[PDB]
Amino acid sequence: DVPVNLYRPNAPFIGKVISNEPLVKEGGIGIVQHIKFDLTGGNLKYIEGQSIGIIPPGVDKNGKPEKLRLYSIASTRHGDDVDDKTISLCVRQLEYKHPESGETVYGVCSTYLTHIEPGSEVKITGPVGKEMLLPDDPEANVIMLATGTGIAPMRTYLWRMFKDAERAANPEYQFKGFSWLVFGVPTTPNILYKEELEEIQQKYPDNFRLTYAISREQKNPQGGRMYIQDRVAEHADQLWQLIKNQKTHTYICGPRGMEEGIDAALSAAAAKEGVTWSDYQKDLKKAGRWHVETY
Ligand SMILES: Cc1cc2nc3c(=O)[nH]c(=O)nc-3n(C[C@H](O)[C@H](O)[C@H](O)COP(=O)(O)OP(=O)(O)OC[C@H]3O[C@@H](n4cnc5c(N)ncnc54)[C@H](O)[C@@H]3O)c2cc1C
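Numbering (PDB author numbering), first residue to last: 9 to 303.
(1) With distance defined between alpha-carbon atoms, name the residue in 114, 131 and 164 nearest to residue 141.
(2) Check whether the Cβ of residue 217 lies closer than 7 Å to any heavy atom of ligand 1, and answer yes or no.
(3) Pairing CB atoms from the stretch 204 to 211 with CB atoms from the stretch 159 to 179, are three or more of them under 8 Å?
(4) Return helix, strand or coil for residue 237, following the three-state DSSP convention.
(5) Going by C-alpha to C-alpha distance, which of 190, 9 and 208 sits closest to residue 219?
(6) Have a look at 102, 296 and 57 and flag the residue whose alpha-carbon is nearest the alpha-carbon of residue 137.
(7) Give me whichever residues DSSP pairs with residue 298 in a beta bridge.
(8) Would you decide whether residue 106 is buried or exposed? Buried here means 16 or more other CB atoms lie within 10 Å of its CB.
(9) I'd like the ranges of any beta strand (DSSP E) spanning at least 3 consecutive residues and lying wholly in the stretch 160 to 226.
(10) Indicate the three-state DSSP secondary structure (helix, strand or coil) for residue 32 in the structure shown.
(11) Have a look at the DSSP bridge pairing and note the partners of residue 25.
(12) Going straight from the alpha carbon of residue 271 to that of residue 223, what length do you get?
(13) Do residue 261 and residue 148 have their CB atoms nearer than 8 Å?
(14) Any heavy atom of ligand 1 inside 7 Å of the beta-carbon of residue 59?
(15) Should the stretch 110 to 121 be called in touch with the stretch 80 to 90, which here means at least 3 C-beta pairs below 8 Å?
(16) Just to confirm my understanding: we take residue 263, look at its own chain, exclude 5 residues before and 5 after, and list those with CB closer than 8 Å. What are they?
(17) Give the straight-line distance between the Cα atoms of residue 247 and residue 143, rounded to the nearest whole angstrom.
(18) For residue 269 and residue 241, I'd like the C-alpha separation in whole angstroms.
(19) Pull up the distance between the alpha-carbon of residue 210 and that of residue 216, whole angstroms please.
(20) In the structure shown, what three-state DSSP assignment does residue 6 receive?
(21) What is the DSSP secondary structure of residue 303, reduced to helix, strand or coil?
(22) With DSSP collapsed to three states, give me the class of residue 95.
(23) Answer yes or no: the CB of residue 108 versus the heavy atoms of ligand 1, is any distance below 7 Å?
(24) Hey, is residue 96 close to ligand 1, as in C-beta under 7 Å from one of its heavy atoms?
(25) Can you tell me which of the three DSSP states residue 148 falls into?
(26) Can you tell me whether DSSP reads residue 79 as helix, strand or coil?
(27) Is residue 116 close to ligand 1? I mean its beta-carbon at under 7 Å from any heavy atom of the ligand.
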């Protein structure tokens, strides 16, 4: 049922860029772009939580063709225009320190994508992944813990759950549960999709809670910069209580380095009721209710 590998690296789908828009507002750190691709002409279908591969042009330092890089799909199965004709990505331009031969280094595929022009053809593969799928149950609770581009799959979930056009297109999925997004970024201008996320919280105050962890603007009780792990610790008992519900699902996504703090917080909460989080978590993973995609 779940679409998988409709297009593979040896014969990718050739899509066309429709738009490439900035998500980081002035005063923010780095570059993160929302890129929408045209899927007409092919049969690439996908669902929320999946990823697609992008094969950038050029050869590596060894003269070998560049391989695909995976990106979390940022649009619902219907696409941003709810027409089943497109797919979108949330791409950060990778750039780092000097200790890597040279001054500032720029990632190959991410630089290619963030600077791509509308009308350009792109090699797409996939979709792939069955790790971050949303339950079909409209009454399930969904906890979303993300940092930076990890917001991508969360956008697919939230749009499907709360966009007027999505609700009209998905008769069988009228979400009535509770969703809680804890989103961490360095600055307010870095809050990806800020306007729309807050619009959703304003319309669905009882079905969606939005919590931010803005490192350069907030301090945790210890005096350090505020990170998602700090917000999880702050609401550890609540999150644990929600996780105990047989229908609750939790999703973690974004650059690695977030899980350790999250487990420490939940472990302390569960321990108060004589439960070993690490064991409870293993059962949740086995049951398909604890979803993780870090990179
Ligand atoms: C399932 C999955 C989903 C993903 N989803 C997304 C998404 O939605 N959005 C998104 O932007 N990315 C996403 N990523 C990451 C993405 O696939 C690419 O890894 C990333 O975009 C960088 O690729 P590149 O081609 O730009 O870099 P490359 O040109 O391959 O550069 C990366 C390499 O350079 C080195 N490097 C990277 N950072 C540093 C650093 N700070 N210091 C030193 N060396 C470093 C490493 O050797 C790394 O292998 C996802 C990854 C996975 C696995």
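Each residue gets a CB set at the ideal place from its N, CA and C atoms; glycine is no exception.
Taking the geometry as given:
(1) By alpha-carbon distance to residue 141, the top candidate from 114, 131 and 164 is 164.
(2) Not so, every heavy atom of ligand 1 lies at least 7 Å from the Cβ.
(3) Yes, since at least three Cβ pairs between the stretch 204 to 211 and the stretch 159 to 179 fall closer than 8 Å, the two stretches touch.
(4) Three-state result, residue 237: helix.
(5) Nearest option by C-alpha distance: 190.
(6) The candidate whose alpha carbon is nearest that of residue 137 is 57.
(7) Beta-bridge annotation (DSSP): residue 298 is paired with 258.
(8) Under this definition residue 106 is an exposed residue.
(9) DSSP runs (the beta strand (DSSP E)) wholly in the stretch 160 to 226: 187 to 193 and 216 to 222.
(10) Residue 32: coil per DSSP, three-state reduction.
(11) Answer is 45.
(12) Separation of residue 271 and residue 223 (C-alpha to C-alpha, rounded to the nearest whole angstrom) is 20 Å.
(13) Taking the C-beta atoms as reference points, residue 148 is found no nearer than 8 Å to residue 261.
(14) Taking 7 Å as the cut-off, one finds at least one heavy atom of ligand 1 near enough to the beta carbon of residue 59.
(15) The stretch 110 to 121 makes no contact with the stretch 80 to 90; the number of CB pairs closer than 8 Å stays below 3.
(16) Taken in chain order, the residues that qualify are 155, 156, 157, 158, 302 and 303.
(17) Each residue's alpha carbon lies about 19 Å from the other.
(18) Residue 269 and residue 241 have their C-alpha atoms some 8 Å from each other.
(19) In a straight line, the C-alpha of residue 210 is about 9 Å away from that of residue 216.
(20) Residue 6 cannot be examined here, being either before or after the span of the chain that is shown, 9 to 303.
(21) It is coil, neither helix nor strand.
(22) Strand at residue 95.
(23) Distances from the CB of residue 108 to the heavy atoms of ligand 1 include at least one below 7 Å.
(24) Not under cutoff, so the answer is no.
(25) Under the three-state reduction of DSSP output, residue 148 falls in the coil class, being neither helix nor strand.
(26) When secondary structure is reduced to three states using DSSP, residue 79 falls in the strand class.
(27) Result yes, Cβ under 7 Å from ligand 1.
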